[PDB]
file input35.csv (CSV, C-alpha atoms)
chain,number,residue,atom,x,y,z
A,1,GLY,CA,-0.5,-8.9,-17.2
A,2,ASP,CA,-2.2,-8.0,-14.0
A,3,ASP,CA,-5.5,-9.6,-15.1
A,4,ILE,CA,-5.2,-12.4,-12.5
A,5,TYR,CA,-5.2,-9.9,-9.6
A,6,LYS,CA,-7.6,-7.2,-10.8
A,7,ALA,CA,-10.0,-10.1,-11.7
A,8,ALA,CA,-9.4,-11.8,-8.4
A,9,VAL,CA,-11.5,-9.3,-6.5
A,10,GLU,CA,-14.2,-10.1,-9.0
A,11,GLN,CA,-14.0,-13.8,-8.3
A,12,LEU,CA,-14.6,-13.2,-4.6
A,13,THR,CA,-18.2,-13.8,-3.5
A,14,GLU,CA,-20.3,-12.1,-0.8
A,15,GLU,CA,-19.0,-14.7,1.6
A,16,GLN,CA,-15.3,-14.7,0.5
A,17,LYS,CA,-15.3,-10.9,0.6
A,18,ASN,CA,-16.7,-11.0,4.1
A,19,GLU,CA,-13.3,-12.4,5.1
A,20,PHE,CA,-11.4,-9.3,4.2
A,21,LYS,CA,-14.4,-7.0,4.9
A,22,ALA,CA,-14.2,-7.7,8.7
A,23,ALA,CA,-10.4,-7.9,8.5
A,24,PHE,CA,-10.2,-4.1,7.9
A,25,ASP,CA,-11.5,-3.7,11.5
A,26,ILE,CA,-8.3,-5.2,12.7
A,27,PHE,CA,-6.2,-3.5,10.1
A,28,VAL,CA,-7.4,0.1,10.2
A,29,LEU,CA,-8.3,-0.5,13.8
A,30,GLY,CA,-11.6,1.3,13.3
A,31,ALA,CA,-11.8,4.1,10.8
A,32,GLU,CA,-14.3,6.0,8.7
A,33,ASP,CA,-12.3,5.7,5.4
A,34,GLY,CA,-11.4,2.1,6.1
A,35,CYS,CA,-7.9,2.5,4.7
A,36,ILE,CA,-4.4,1.7,5.9
A,37,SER,CA,-1.1,3.6,5.2
A,38,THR,CA,2.3,2.1,4.6
A,39,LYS,CA,3.1,2.3,8.3
A,40,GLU,CA,0.0,0.2,9.3
A,41,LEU,CA,0.4,-1.9,6.2
A,42,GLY,CA,3.4,-3.5,7.9
A,43,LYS,CA,1.3,-4.4,11.0
A,44,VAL,CA,-1.2,-6.2,8.9
A,45,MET,CA,1.4,-8.0,6.8
A,46,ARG,CA,3.4,-9.3,9.8
A,47,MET,CA,0.2,-11.0,10.8
A,48,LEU,CA,-0.1,-12.9,7.4
A,49,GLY,CA,3.3,-14.4,8.2
A,50,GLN,CA,5.4,-11.8,6.5
A,51,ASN,CA,6.8,-8.8,8.3
A,52,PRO,CA,8.3,-6.6,5.5
A,53,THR,CA,9.4,-3.0,5.8
A,54,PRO,CA,7.5,0.3,5.5
A,55,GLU,CA,10.0,1.6,2.9
A,56,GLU,CA,9.8,-1.5,0.7
A,57,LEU,CA,6.0,-1.6,1.1
A,58,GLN,CA,5.4,2.0,0.2
A,59,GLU,CA,6.9,1.1,-3.2
A,60,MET,CA,3.9,-1.0,-4.2
A,61,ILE,CA,1.5,1.3,-2.3
A,62,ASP,CA,2.7,4.3,-4.5
A,63,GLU,CA,2.0,2.3,-7.6
A,64,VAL,CA,-1.3,0.7,-6.5
A,65,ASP,CA,-2.5,4.1,-5.3
A,66,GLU,CA,-3.6,6.0,-8.4
A,67,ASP,CA,-4.1,9.2,-6.3
A,68,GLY,CA,-1.0,8.3,-4.3
A,69,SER,CA,-2.7,9.8,-1.2
A,70,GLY,CA,-0.4,7.7,0.8
A,71,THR,CA,-3.0,5.1,1.9
A,72,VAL,CA,-4.5,1.9,0.7
A,73,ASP,CA,-8.2,1.7,-0.2
A,74,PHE,CA,-10.4,-1.3,0.7
A,75,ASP,CA,-10.3,-2.3,-3.0
A,76,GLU,CA,-6.6,-1.6,-3.2
A,77,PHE,CA,-6.0,-4.1,-0.4
A,78,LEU,CA,-7.8,-6.9,-2.3
A,79,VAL,CA,-5.5,-6.7,-5.4
A,80,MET,CA,-2.6,-6.7,-3.0
A,81,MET,CA,-3.9,-9.8,-1.1
A,82,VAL,CA,-3.9,-11.8,-4.4
A,83,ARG,CA,-0.6,-10.4,-5.6
A,84,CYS,CA,1.1,-11.0,-2.3
A,85,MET,CA,-0.3,-14.5,-1.7
A,86,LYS,CA,1.4,-15.4,-5.0
A,87,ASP,CA,4.8,-13.7,-4.2
A,88,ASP,CA,5.4,-14.5,-0.6
A,89,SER,CA,9.1,-14.8,-1.2
A,90,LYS,CA,9.5,-11.1,-0.4
A,91,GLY,CA,8.5,-11.3,3.2
A,92,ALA,CA,11.4,-10.3,5.5
A,93,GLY,CA,12.7,-7.4,7.6
A,94,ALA,CA,11.1,-7.2,11.1
A,95,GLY,CA,11.8,-4.9,14.0
A,96,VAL,CA,11.0,-1.9,11.8
A,97,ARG,CA,8.9,1.2,12.6
A,98,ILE,CA,9.3,4.2,10.3
A,99,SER,CA,11.5,4.9,7.3
A,100,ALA,CA,12.8,8.2,5.8
A,101,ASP,CA,11.4,7.3,2.4
A,102,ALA,CA,8.4,5.5,4.0
A,103,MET,CA,6.8,8.7,5.5
A,104,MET,CA,8.4,10.8,2.7
A,105,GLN,CA,6.2,9.2,0.1
A,106,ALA,CA,3.3,10.4,2.1
A,107,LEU,CA,4.5,14.0,2.4
A,108,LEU,CA,5.3,14.1,-1.3
A,109,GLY,CA,1.6,14.3,-2.1
A,110,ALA,CA,0.6,13.4,-5.7
A,111,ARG,CA,-1.1,16.8,-5.9
A,112,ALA,CA,1.9,18.6,-4.3
A,113,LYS,CA,4.2,17.2,-7.0
A,114,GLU,CA,2.8,19.9,-9.3
A,115,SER,CA,1.8,22.4,-6.6
A,116,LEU,CA,4.8,24.7,-6.8
A,117,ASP,CA,7.1,23.6,-9.6
A,118,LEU,CA,7.7,20.3,-11.4
A,119,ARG,CA,11.3,21.1,-12.5
A,120,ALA,CA,12.0,21.5,-8.8
A,121,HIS,CA,11.0,17.9,-8.1
A,122,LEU,CA,14.1,16.4,-9.8
A,123,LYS,CA,16.6,19.2,-9.4
A,124,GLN,CA,18.3,18.2,-6.1
A,125,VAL,CA,19.4,14.5,-6.2
A,126,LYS,CA,21.5,12.9,-3.6
A,127,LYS,CA,20.6,9.2,-3.6
A,128,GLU,CA,17.0,8.7,-2.4
A,129,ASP,CA,17.6,5.0,-1.6
call {"tool": "encode", "arguments": {"input": "input35.csv", "output": "structure tokens"}}
result
Amino acid sequence: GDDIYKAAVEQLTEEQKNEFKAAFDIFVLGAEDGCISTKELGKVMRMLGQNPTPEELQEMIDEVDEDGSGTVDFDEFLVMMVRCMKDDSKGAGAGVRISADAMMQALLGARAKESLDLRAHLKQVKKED
């Protein structure tokens, strides 16, 4: 399954890792957590040659993020770098900024999903898109 990606980060050496280590500086643009949300995730991608959308990106970010805090951890970025470098046929959709679902996924809050009521999470459905 995803043993090629998860193991990828393990294949990287102190030097190879330094490539992405310093990259964060340009990605997060200087942060204490050293993480990047779906919004910024698009700015870092467009640099790799692919300028996808924040709505389509949040899809993988929500799955890659166990806590689904709405951001990407330093380690989470690695697995994405190996999984993306393989499937670069999904890079398209420039001139984008924010998306209803893009930011929504962040407001959802993995912890909020069960904050009030769960049955009230799939009660009102009108095409999420």
call {"tool": "closest_residue", "arguments": {"input": "input35.csv", "among": "A:45, A:64, A:72, A:4", "to": "residue 33 in chain A", "atoms": "only C-alpha atoms"}}
result
A:72
call {"tool": "residues_around", "arguments": {"input": "input35.csv", "residues": "range 98-106 of chain A", "least_positions_apart": "5", "cutoff": "12 Å", "atoms": "only C-alpha atoms", "output": "MDAnalysis selection string"}}
result
chainID A and resid 37:43 52:63 65 67:72 111:113 127:129
call {"tool": "residues_around", "arguments": {"input": "input35.csv", "residues": "residue 12 in chain A", "least_positions_apart": "6", "cutoff": "12 Å", "atoms": "all atoms listed in the file", "output": "list in words"}}
result
residues 5, 6, 18, 19, 20, 21, 75, 78, 79, 81 and 82 of chain A
call {"tool": "residues_around", "arguments": {"input": "input35.csv", "residues": "residue 50 in chain A", "least_positions_apart": "5", "cutoff": "10 Å", "atoms": "all atoms listed in the file", "output": "list in words"}}
result
residues 42, 43, 44, 45, 84, 88, 89, 90, 91, 92, 93 and 94 of chain A
call {"tool": "atom_distance", "arguments": {"input": "input35.csv", "atom1": "CA of residue 30 in chain A", "atom2": "CA of residue 74 in chain A"}}
result
12.9 Å
call {"tool": "atom_distance", "arguments": {"input": "input35.csv", "atom1": "CA of residue 108 in chain A", "atom2": "CA of residue 66 in chain A"}}
result
14.0 Å
call {"tool": "atom_distance", "arguments": {"input": "input35.csv", "atom1": "CA of residue 46 in chain A", "atom2": "CA of residue 23 in chain A"}}
result
13.9 Å
call {"tool": "closest_residue", "arguments": {"input": "input35.csv", "among": "A:96, A:107, A:122, A:47", "to": "residue 27 in chain A", "atoms": "all atoms listed in the file"}}
result
A:47
call {"tool": "build_atoms", "arguments": {"input": "input35.csv", "residues": "range 40-51 of chain A", "atoms": "N, CA and C atoms", "output": "PDB file, keeping the file's coordinate frame"}}
result
ATOM      1  N   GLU A  40       0.926   1.266   8.809  1.00  0.00           N
ATOM      2  CA  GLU A  40       0.000   0.200   9.300  1.00  0.00           C
ATOM      3  C   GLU A  40       0.092  -1.013   8.418  1.00  0.00           C
ATOM      4  N   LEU A  41       0.355  -0.794   7.135  1.00  0.00           N
ATOM      5  CA  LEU A  41       0.400  -1.900   6.200  1.00  0.00           C
ATOM      6  C   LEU A  41       1.405  -2.964   6.646  1.00  0.00           C
ATOM      7  N   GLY A  42       2.399  -2.552   7.428  1.00  0.00           N
ATOM      8  CA  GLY A  42       3.400  -3.500   7.900  1.00  0.00           C
ATOM      9  C   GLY A  42       2.845  -4.325   9.085  1.00  0.00           C
ATOM     10  N   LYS A  43       1.938  -3.743   9.864  1.00  0.00           N
ATOM     11  CA  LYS A  43       1.300  -4.400  11.000  1.00  0.00           C
ATOM     12  C   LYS A  43       0.385  -5.524  10.534  1.00  0.00           C
ATOM     13  N   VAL A  44      -0.279  -5.279   9.409  1.00  0.00           N
ATOM     14  CA  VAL A  44      -1.200  -6.200   8.900  1.00  0.00           C
ATOM     15  C   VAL A  44      -0.505  -7.360   8.116  1.00  0.00           C
ATOM     16  N   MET A  45       0.652  -7.038   7.547  1.00  0.00           N
ATOM     17  CA  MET A  45       1.400  -8.000   6.800  1.00  0.00           C
ATOM     18  C   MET A  45       2.097  -9.014   7.767  1.00  0.00           C
ATOM     19  N   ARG A  46       2.756  -8.493   8.797  1.00  0.00           N
ATOM     20  CA  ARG A  46       3.400  -9.300   9.800  1.00  0.00           C
ATOM     21  C   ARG A  46       2.470 -10.384  10.341  1.00  0.00           C
ATOM     22  N   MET A  47       1.174 -10.100  10.256  1.00  0.00           N
ATOM     23  CA  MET A  47       0.200 -11.000  10.800  1.00  0.00           C
ATOM     24  C   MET A  47      -0.079 -12.158   9.767  1.00  0.00           C
ATOM     25  N   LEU A  48       0.089 -11.865   8.483  1.00  0.00           N
ATOM     26  CA  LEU A  48      -0.100 -12.900   7.400  1.00  0.00           C
ATOM     27  C   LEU A  48       1.077 -13.826   7.376  1.00  0.00           C
ATOM     28  N   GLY A  49       2.096 -13.555   8.187  1.00  0.00           N
ATOM     29  CA  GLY A  49       3.300 -14.400   8.200  1.00  0.00           C
ATOM     30  C   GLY A  49       4.502 -13.711   7.663  1.00  0.00           C
ATOM     31  N   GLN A  50       4.298 -12.554   7.041  1.00  0.00           N
ATOM     32  CA  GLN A  50       5.400 -11.800   6.500  1.00  0.00           C
ATOM     33  C   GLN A  50       5.484 -10.402   7.094  1.00  0.00           C
ATOM     34  N   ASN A  51       6.630 -10.095   7.693  1.00  0.00           N
ATOM     35  CA  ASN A  51       6.800  -8.800   8.300  1.00  0.00           C
ATOM     36  C   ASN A  51       7.847  -7.965   7.549  1.00  0.00           C
TER      37      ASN A  51
END
